[PDB]
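A short worksheet on the structure shown next.
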Amino acid sequence: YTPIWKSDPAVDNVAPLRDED
Amino acid sequence: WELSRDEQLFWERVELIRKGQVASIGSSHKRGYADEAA
Amino acid sequence: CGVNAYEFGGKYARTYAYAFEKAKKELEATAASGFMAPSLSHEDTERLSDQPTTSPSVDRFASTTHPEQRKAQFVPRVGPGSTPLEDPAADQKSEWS
Amino acid sequence: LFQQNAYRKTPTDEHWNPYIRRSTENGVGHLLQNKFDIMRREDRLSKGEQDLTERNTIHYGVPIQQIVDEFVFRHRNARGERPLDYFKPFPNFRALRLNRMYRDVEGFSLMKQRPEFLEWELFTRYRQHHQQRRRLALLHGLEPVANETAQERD
Amino acid sequence: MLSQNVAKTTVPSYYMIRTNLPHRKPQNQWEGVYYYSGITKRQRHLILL
Amino acid sequence: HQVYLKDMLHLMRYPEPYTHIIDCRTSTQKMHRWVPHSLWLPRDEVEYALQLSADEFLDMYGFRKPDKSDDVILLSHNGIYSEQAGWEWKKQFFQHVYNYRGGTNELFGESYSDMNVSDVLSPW
Amino acid sequence: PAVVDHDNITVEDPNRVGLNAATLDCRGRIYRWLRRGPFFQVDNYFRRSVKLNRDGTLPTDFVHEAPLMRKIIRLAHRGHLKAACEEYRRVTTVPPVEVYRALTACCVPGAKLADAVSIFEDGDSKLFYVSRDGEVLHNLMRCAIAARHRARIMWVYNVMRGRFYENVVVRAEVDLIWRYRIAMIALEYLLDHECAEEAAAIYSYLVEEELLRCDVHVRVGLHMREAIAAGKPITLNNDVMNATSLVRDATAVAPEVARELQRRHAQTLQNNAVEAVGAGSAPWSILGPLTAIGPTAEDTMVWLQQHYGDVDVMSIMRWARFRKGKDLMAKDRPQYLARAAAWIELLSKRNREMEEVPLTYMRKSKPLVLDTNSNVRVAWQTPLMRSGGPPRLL
Amino acid sequence: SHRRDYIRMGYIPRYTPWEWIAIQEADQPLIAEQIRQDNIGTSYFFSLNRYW
Amino acid sequence: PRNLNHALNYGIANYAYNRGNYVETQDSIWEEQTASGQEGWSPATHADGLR
Amino acid sequence: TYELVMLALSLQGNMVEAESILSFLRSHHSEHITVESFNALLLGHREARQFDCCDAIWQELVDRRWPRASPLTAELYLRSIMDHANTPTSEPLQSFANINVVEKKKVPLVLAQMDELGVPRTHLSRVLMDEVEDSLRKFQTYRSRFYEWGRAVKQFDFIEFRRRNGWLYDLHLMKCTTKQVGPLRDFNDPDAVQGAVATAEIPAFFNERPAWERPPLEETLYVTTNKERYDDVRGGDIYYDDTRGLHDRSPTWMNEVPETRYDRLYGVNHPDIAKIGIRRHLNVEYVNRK
Amino acid sequence: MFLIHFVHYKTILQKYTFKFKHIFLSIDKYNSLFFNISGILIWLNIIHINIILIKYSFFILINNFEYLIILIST
Amino acid sequence: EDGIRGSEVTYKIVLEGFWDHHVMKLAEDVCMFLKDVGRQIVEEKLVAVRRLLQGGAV
Amino acid sequence: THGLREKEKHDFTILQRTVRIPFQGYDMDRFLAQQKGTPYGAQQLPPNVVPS
Amino acid sequence: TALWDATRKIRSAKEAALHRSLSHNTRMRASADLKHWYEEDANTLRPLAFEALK
Amino acid sequence: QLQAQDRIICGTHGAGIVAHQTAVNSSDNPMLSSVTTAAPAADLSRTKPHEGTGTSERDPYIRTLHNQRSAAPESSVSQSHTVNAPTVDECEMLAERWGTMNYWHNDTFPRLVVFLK
Amino acid sequence: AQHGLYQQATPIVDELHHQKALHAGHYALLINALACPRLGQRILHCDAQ
Amino acid sequence: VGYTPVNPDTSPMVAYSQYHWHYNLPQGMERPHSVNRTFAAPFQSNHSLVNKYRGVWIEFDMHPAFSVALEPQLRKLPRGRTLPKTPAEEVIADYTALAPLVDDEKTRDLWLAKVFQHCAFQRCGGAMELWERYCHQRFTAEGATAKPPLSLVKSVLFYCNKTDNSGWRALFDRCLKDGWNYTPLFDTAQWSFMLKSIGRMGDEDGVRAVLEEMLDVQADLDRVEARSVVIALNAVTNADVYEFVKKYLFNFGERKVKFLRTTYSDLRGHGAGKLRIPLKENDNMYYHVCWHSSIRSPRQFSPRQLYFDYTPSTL
Ligand SMILES: O=c1ccn([C@@H]2O[C@H](COP(=O)(O)OP(=O)(O)OP(=O)(O)O)[C@@H](O)[C@H]2O)c(=O)[nH]1
């Protein structure tokens, strides 16, 4: 029956942080 | 500053470990695991 | 000049500063709560947004739903009197004097 | 070591559980919380009394009956320690017990530790004399009074 | 899934018919009645808050 | 025990001295970025690596071998190889071993996989 | 789901709600019926009808039962307790609050307490707490007073405060004003019969709920009501509260009350000093803990404040003013005075402390050096009892 | 619990052990109506007439 | 000092009574046990040896 | 004065002297004794953790009904009961359960007394009233609930709850005991064939192989599962213990796994790992510690 | 930069000990009283008697589950 | 009345078995239990009484 | 962990089987004291040791 | 004597501060250490007397 | 009423009948052949309240004495029917005292003669 | 003093005693106030649970 | 032996056998059992609680002065558990007339909250005017600093749900962490009414916002009233919100989810009468809530159904 819901989009979680810094 | 230094160190070590792998094994290929047949 | 030997030097400086601020803020709420500190477990809090990522409340177990996958070691340890240790039920935790 | 501390964050981890929390096994140190109590402990310990914090775990020991039982069981009825009267027909409940010394032998120094010949009989008669002295006492109204000072006793 | 979920019955056969083996456990006299004394996570949280 | 994305970002900005983040990604061909403060022990080597002495381990991997008290966070593309590696680290008895599932894919938004395994079973 | 019509029952039984013994599928139904609990019929009948409305309203008002409830009320007002109780029996539905009010009010004059209590307890936590009402509790309390029953007074007070379940979950909690009234007659009774314990309890409650000024608030409230019917603005000020006849008059009496406190205390001190010796006067009475009052109004209020100020003295002087509807301040001055004095006396811990009787001083001891009795001990003698003797430590 | 012979080697307690009595008795609740407190009186009029 | 009578049993414990006297010792024990509530007048039982 | 001295002695935990002062008072000054001496003694005994005395003094104070107990009194006594109820015993008494919980079952009796005495139960701290309310919901039930509490629906619902929390071990219906404990041989005879007169289910800790006979920590180093033979067993037991070591691996393991840079060290007792290692190339200085 | 070279102290002291019994230490087993069997009688289709020891039998068991069996002085 | 013949409260526990010796031995068990518990309670009451005898207000 | 401490306890229990209860004297005070060499004339000299 | 009294008040104030802190601080309570109560005392805490001048 | 009850029954761990001075050393006797020479006791070690390292009587393998408060059972001697010697404190208040006829006329220490004298 | 500011109450009390403005009960009043029982209230409810 | 099995308690040939306890052995209890003590279950009845208030409690705190002063006006408004039938026009007239005379803010607002609640129970639509006339200026408009008393907010919200009103969304939004932070103080009944209204009106986005806050604020999910959850979920037709609602559905409990399905199947079913406004057809959300229920329940084995078409193969 899987996948139940659409997987999270490809978004990159590290970039915004190290960019602020 | 430290992050910069340590990043570069990381890749240096990765580079060497990989080169050691290819050297000692003789090729760049490896087996899978018995469970990668399925 | 020997900072970088220490935990307040270099890459860890930022952590120290963080810990520092939290402590301050935390002191404030203790002073507000009558000098009886909030829960370590942050069971005390209105919102889930509020409990920090550093709290022991956050659930790290192989499984959320399946009880047999909720142990710390290889089998399920029991407390005195063969009481469940691993994941305690609400009434087994008693905060008494 | 893994068994001891596996995912353990602090030694106090399991202390959400009251029966684990007041265990005195590792020491008393997690049960002392305010200064007051610490000082009290110091004081009581110096006077040579018990620590009150120690009482957080209740230890009933083994009851004397259980001990005597394990002894007489391990000795298969322990005949070394029984009065010879245990070995004769219909012993009363006092012949049924072990051989402890009572308070009645206390003032007789004639018999030293090994009593010589006839000494123990003599002692036995002294003991009787005292029992009769008690009887006369009760009869005529002179017995110890729990209140009495020294002149009264005299 | 849960490894304490365990067959209490034997494979169906005539051995259930032809034999005086009992089909359930006899009641256990000293096991108390199960009853409800206990609170939720939610409730404990409500009290603390 | 798990470690979630929140914990991961927090540990990026606020590292702990004796928490180690260990990258398990196996093939160098697939790894183009560096998880901050991480170290590289590829999954394939683990069983051997963990049986080296402190010195030997230092010589083979070029970084200090985590003590058995320290926090060890494991990392992979999907969170599969990191899991298997975790089992290795747990079998030598390491007290705090956390796997970060969804790890490098969630961090960097890459879609890669440690092993090719598919959900569908071949009809029996 | 099965539902029984009590109007339409036929031999045919169209809805097929009966338990048919031989039909298809019957067996498990029969078995269910034979397993039913001791009250099954009764409980189901009662819970499928008679349930709280979606608004939080009580089921209490029904057209077909109304004249019966009316009749009960009517009967209770003429004081026929038995006839009323005999009609209460035939009630199918929850009876309205008014019934419980009437019924307990009827229990008061003959002192029936057991009956008032079983009435109340019947309407409460069986019937949805219709019975929990300012007025009903008030009657309960008036019975407990009338029956001179101390423990039951405390019990009604306790019921009135309630607990989380009835206050928060059920939402039946006695009104603020009513709470005040109840606690107040309980307090009259206790202070008048000298029960320091329970008095202190109720008083501490009044302190905690900020009810100490409540009677004043109510009077101010009434004048405000009239001023709103006239169209003029109302406001709550310290000036408006000190413009009240109550506060004025208490302020007037206060010096006289103080002087009585002082006279009384002096005489107590004197008596205690005499009983000390078994009867002349001991040194005990020569200087007491009470300071003499300066000659002024403000000096009086200051004196009251510093010796008796753990209690709120002013509000006590107000409460003690009326007794059984008779105003004491404006008719019997000395009776009022003695009352206010006695109450302020009972309600302070400070007063309790400064009124104590001198007790003999207990000798410490050591065990005998030559052991004879464990019961005989060497006593310590204070330098007063043995003059001479070598110098000793403490 | 220290007795290794308990059912195996034939030792069966003649008296039920204190610790067990405590556990048994501590498992079940106590009925409130068993405590028997009457300080008010008997209700002559209302009690037998209460809601159906 | 507590040890005033010590000489009478030298090096053995101190006693306030003559320990060399059997009767006086037995008497002293009697009084001790009377003082502590172990001995004294108690309601009789059918088992206490009435004779 | 005397009640302050008692309160001091009792905060110190000195019970003998506190009780002495009260005795002297009782004897000479009795008509003057307030409740606060009983309060002092209660607080004190609770500190010294003597709960039987904490009880004795309350029962006495209920007998003489004067001086009147105060909400503070009731609070101290109740607290002492909760304290008692939460203490553990030593390990000898801990094998089956935590005994001292029985103390909490005193509570609904004490509460009843508080109503006979006119101590309002709603002057009790919020804290204590939480602990007490808990204690209640453990042991108190009404005649109403009692008629309905054994219904099978509720028994099985309780079982279902235990199943979703994965604790079935103790439940009666829901556990199947398997292991049998064999008899003890005698050197008085191999010949005598023993047979079982009776059978009881008792916890395994009564007779379990002595810790020095069995392998070291079993829970941690061995994965054990009790399971049933699938094949038909002519005779012998239908259950066996499948025990494998935690560290067990296929004897063929090295083929089952990808090749490593370690492989050319095969069958070598003391390799120089310093030589195949990467540190010696990476470092400029490279001190070899050996 | 580096100003110094140092030797790494750590306090490894275990001074506390927490061991918790795993669950299966308290699980039930079936234990039995055991006496020497003096004789046995089985009956299902046909009765069969075995006598190991002839003495006056002080105890007797009867068991009906598959076959009727009677364990004498068991 | 004095001695054995008088009391404030009487409890009679009526025990019932299927076999006579069962009920006999149960009665010994329960009996010894109540002996101990009884002595404990009555001893407590006794100390309360001795204190009330020593003195008290009204 | 090897359970050798538990063994040691068990073995102590085994050794108990043999032992008597000691003779503590008819006058126990006197006896204890004389064992310690305190009473008058009860002094023993230490056992003579052969010099090294 | 007066000076000694004053000084003793100071020291007590310092220690008091320490005590309030320990009794309210739950993280430090988590590690179970009697040594927290003795590792800083009047001698150790600030203000230090021999540092007064500067 | 044993001699030295306190020292033996309440003071000593075995109740006097356990021999605490015994070596767990291996014996050549046939019954003791299971007994293995024990390692020496662990040096700084924290025991469980019911055990000891087994070095001395003061430190047994098994701690028999409870750690609570000990109290001798309440005397069964009648306090109300017993008449003690008259104290100073009692004889000063003798005019307020309520006694039994047996208290006033008591054979030893009669209080009536004192009320009069 | 009742709120636990004794430091601030000390000079005031000194100056009163110097002017002989205090009499018998007043002292008892002050000394009792040194026990901080408005602080005691706060501690009792928050800290001491 | 037979089709009727022996019952092991009454049969001595079981009871006294070798596998049980013979009547000649000593009959004591074997082992103690502590079940209820070790792991205890929390009480949840199959039936809902009979005394619960079942409404939105509006928390009337009035100073006992104006409480007496305003009595003839307040006697017409709801007191605890009592709902007088006074027509709402009259009550609003009384507020408009007499309220400017009272000087207290707190009093005027408690009084207003009573008026709102009263108008919520009669579903009179002209009561929002009162919000725009008095409250809007100092609470909702142009970043006014003032923070309304909780009871007033609860009352107005309750009114916007009872009378379905677009207005609620503006008020609710002010209650989150950056605004008044009132949301964690809401009752379970509050959430219930909110969800039901929003569902009828048909805002998927309102539904999402509200479910998110409920979850974050730790509302009591399982005791949110099932009808209102169903009516809310039924409103969701948009692809993204739909995704959200699957992932979210995993927050309910086993039991809750089973009755979400039962209630859903009834409201479009037999019990379609039970609603004042009929549901709208969502076949997708219906199917999904059923599917979810099936996933989360324990699974049963019906082999003749699964393997109906199974044929073996020799490949
Ligand atoms: O769970 C339930 C059960 C029953 N009801 C009952 O359904 C009747 C009509 O069902 P509705 O649910 O359509 O009415 P509503 O929204 O106007 O009702 P409120 O909940 O706002 O009062 C309502 O008047 C109420 O009595 C519920 O509202 N919820």
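We name chains A, B, ... following the order of the structure tokens; residues begin at 1 in each chain, and ligands are numbered from 1 as shown.
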Which polymer residues have any atom within 10 Å of an atom of residue 26 of chain N, counting only C-alpha atoms, with same-chain residues fewer than 2 positions away left out, as a list in words? residues 36, 37, 38, 39 and 40 of chain C; 21, 22, 23, 24, 28, 29, 30 and 31 of chain N
If you count only C-alpha atoms and all ligand atoms, which residues end up within 6 Å of ligand 1, as a list in words? residues 54 of chain G; 162, 227, 274, 275, 276 and 277 of chain Q
Atoms to include: N, CA and C atoms. Write the selected residues as a PDB file, in the first residue's frame.
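part_38.pdb written:
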```pdb
ATOM      1  N   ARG G  54     -27.366  19.103  25.400  1.00  0.00           N
ATOM      2  CA  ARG G  54     -26.146  19.501  24.707  1.00  0.00           C
ATOM      3  C   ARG G  54     -25.688  20.925  25.081  1.00  0.00           C
TER       4      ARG G  54
ATOM      5  N   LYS Q 162     -21.029  28.929  16.472  1.00  0.00           N
ATOM      6  CA  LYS Q 162     -22.414  28.519  16.593  1.00  0.00           C
ATOM      7  C   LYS Q 162     -23.234  29.132  15.448  1.00  0.00           C
ATOM      8  N   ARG Q 227     -17.817  13.612  15.725  1.00  0.00           N
ATOM      9  CA  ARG Q 227     -18.664  14.264  14.732  1.00  0.00           C
ATOM     10  C   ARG Q 227     -17.984  15.463  14.101  1.00  0.00           C
ATOM     11  N   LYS Q 274     -29.157  13.160  11.519  1.00  0.00           N
ATOM     12  CA  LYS Q 274     -28.626  13.725  12.756  1.00  0.00           C
ATOM     13  C   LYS Q 274     -28.073  15.131  12.590  1.00  0.00           C
ATOM     14  N   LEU Q 275     -27.724  15.512  11.364  1.00  0.00           N
ATOM     15  CA  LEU Q 275     -27.122  16.822  11.130  1.00  0.00           C
ATOM     16  C   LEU Q 275     -28.144  17.887  10.729  1.00  0.00           C
ATOM     17  N   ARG Q 276     -27.921  19.124  11.181  1.00  0.00           N
ATOM     18  CA  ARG Q 276     -28.786  20.250  10.844  1.00  0.00           C
ATOM     19  C   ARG Q 276     -28.568  20.637   9.393  1.00  0.00           C
ATOM     20  N   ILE Q 277     -27.304  20.674   8.991  1.00  0.00           N
ATOM     21  CA  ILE Q 277     -26.943  20.770   7.577  1.00  0.00           C
ATOM     22  C   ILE Q 277     -26.348  19.429   7.129  1.00  0.00           C
TER      23      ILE Q 277
END
```
Return the neighbours of chain D among the residues of chain I, cut-off 6 Å, counting only C-alpha atoms, as a list in words.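 Every residue of chain I that passes the 6 Å test is in residues 19, 22, 25, 31, 34 and 35 of chain I.
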Export C-alpha atoms of the chosen residues as a compact mmCIF listing (two decimals), in the first residue's frame?
```txt
# COMPACT_ATOMS: atom_id res chain seq x y z
CA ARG I 19 28.44 -9.24 92.64
CA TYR I 22 24.48 -14.60 94.81
CA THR I 25 22.91 -10.19 92.44
CA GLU I 31 14.69 -5.04 90.45
CA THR I 34 10.83 -4.83 87.42
CA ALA I 35 11.89 -1.31 86.51
```
Under the rule of at most 12 Å, produce a per-residue listing of chain I near chain G: chain, number, name, the closest pair of atoms, and the distance in Å, as JSON lines, using only C-alpha atoms.
```
{"residue": "I:1", "atom": "CA", "partner": "G:369", "partner_atom": "CA", "distance": 7.2}
{"residue": "I:2", "atom": "CA", "partner": "G:369", "partner_atom": "CA", "distance": 5.4}
{"residue": "I:3", "atom": "CA", "partner": "G:369", "partner_atom": "CA", "distance": 8.7}
{"residue": "I:4", "atom": "CA", "partner": "G:370", "partner_atom": "CA", "distance": 8.7}
{"residue": "I:5", "atom": "CA", "partner": "G:370", "partner_atom": "CA", "distance": 8.7}
{"residue": "I:6", "atom": "CA", "partner": "G:370", "partner_atom": "CA", "distance": 11.3}
{"residue": "I:14", "atom": "CA", "partner": "G:370", "partner_atom": "CA", "distance": 9.3}
{"residue": "I:15", "atom": "CA", "partner": "G:370", "partner_atom": "CA", "distance": 7.8}
{"residue": "I:16", "atom": "CA", "partner": "G:370", "partner_atom": "CA", "distance": 5.2}
{"residue": "I:17", "atom": "CA", "partner": "G:370", "partner_atom": "CA", "distance": 8.5}
{"residue": "I:18", "atom": "CA", "partner": "G:370", "partner_atom": "CA", "distance": 11.9}
{"residue": "I:25", "atom": "CA", "partner": "G:372", "partner_atom": "CA", "distance": 11.8}
{"residue": "I:27", "atom": "CA", "partner": "G:372", "partner_atom": "CA", "distance": 11.2}
{"residue": "I:28", "atom": "CA", "partner": "G:372", "partner_atom": "CA", "distance": 7.9}
{"residue": "I:29", "atom": "CA", "partner": "G:372", "partner_atom": "CA", "distance": 9.9}
{"residue": "I:30", "atom": "CA", "partner": "G:372", "partner_atom": "CA", "distance": 11.0}
{"residue": "I:31", "atom": "CA", "partner": "G:373", "partner_atom": "CA", "distance": 7.5}
{"residue": "I:32", "atom": "CA", "partner": "G:373", "partner_atom": "CA", "distance": 6.5}
{"residue": "I:33", "atom": "CA", "partner": "G:373", "partner_atom": "CA", "distance": 9.6}
{"residue": "I:34", "atom": "CA", "partner": "G:373", "partner_atom": "CA", "distance": 9.1}
{"residue": "I:35", "atom": "CA", "partner": "G:373", "partner_atom": "CA", "distance": 6.2}
{"residue": "I:36", "atom": "CA", "partner": "G:374", "partner_atom": "CA", "distance": 7.4}
{"residue": "I:37", "atom": "CA", "partner": "G:375", "partner_atom": "CA", "distance": 10.7}
```
Using only C-alpha atoms, select each residue of chain Q with any atom at most 12 Å away from an atom of chain H, and give the selection as JSON, numbers by chain. {"Q": [21, 25, 26, 27, 28, 29, 30, 31, 32, 33, 34, 35, 36, 37, 38, 39, 40]}
Selection: 12 Å around residue 14 of chain E, only C-alpha atoms, excl. self and same-chain fewer than 5 positions, as a list in words: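 So, after excluding close chain neighbours, the residues are residues 19, 20 and 21 of chain E; 1, 2 and 3 of chain Q.
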Same residues, N, CA, C and O atoms, output as a PDB file, in the first residue's frame:
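Result file is result-v1.pdb:
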```pdb
ATOM      1  N   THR E  19     -10.519 -36.882  23.835  1.00  0.00           N
ATOM      2  CA  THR E  19      -9.616 -36.800  24.972  1.00  0.00           C
ATOM      3  C   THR E  19     -10.179 -35.854  26.041  1.00  0.00           C
ATOM      4  O   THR E  19     -10.840 -34.871  25.720  1.00  0.00           O
ATOM      5  N   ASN E  20      -9.902 -36.117  27.306  1.00  0.00           N
ATOM      6  CA  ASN E  20     -10.399 -35.254  28.369  1.00  0.00           C
ATOM      7  C   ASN E  20      -9.506 -34.048  28.714  1.00  0.00           C
ATOM      8  O   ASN E  20      -9.721 -33.403  29.738  1.00  0.00           O
ATOM      9  N   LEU E  21      -8.473 -33.788  27.918  1.00  0.00           N
ATOM     10  CA  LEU E  21      -7.726 -32.536  28.028  1.00  0.00           C
ATOM     11  C   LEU E  21      -8.663 -31.330  27.982  1.00  0.00           C
ATOM     12  O   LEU E  21      -9.521 -31.246  27.104  1.00  0.00           O
TER      13      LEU E  21
ATOM     14  N   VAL Q   1     -13.736 -36.498  26.711  1.00  0.00           N
ATOM     15  CA  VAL Q   1     -14.379 -37.326  25.697  1.00  0.00           C
ATOM     16  C   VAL Q   1     -15.806 -36.878  25.434  1.00  0.00           C
ATOM     17  O   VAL Q   1     -16.689 -37.065  26.272  1.00  0.00           O
ATOM     18  N   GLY Q   2     -16.022 -36.247  24.289  1.00  0.00           N
ATOM     19  CA  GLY Q   2     -17.353 -35.839  23.907  1.00  0.00           C
ATOM     20  C   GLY Q   2     -17.246 -34.578  23.102  1.00  0.00           C
ATOM     21  O   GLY Q   2     -16.157 -34.068  22.911  1.00  0.00           O
ATOM     22  N   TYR Q   3     -18.368 -34.058  22.640  1.00  0.00           N
ATOM     23  CA  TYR Q   3     -18.332 -32.773  21.979  1.00  0.00           C
ATOM     24  C   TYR Q   3     -18.375 -31.659  22.992  1.00  0.00           C
ATOM     25  O   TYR Q   3     -17.995 -30.530  22.695  1.00  0.00           O
TER      26      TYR Q   3
END
```
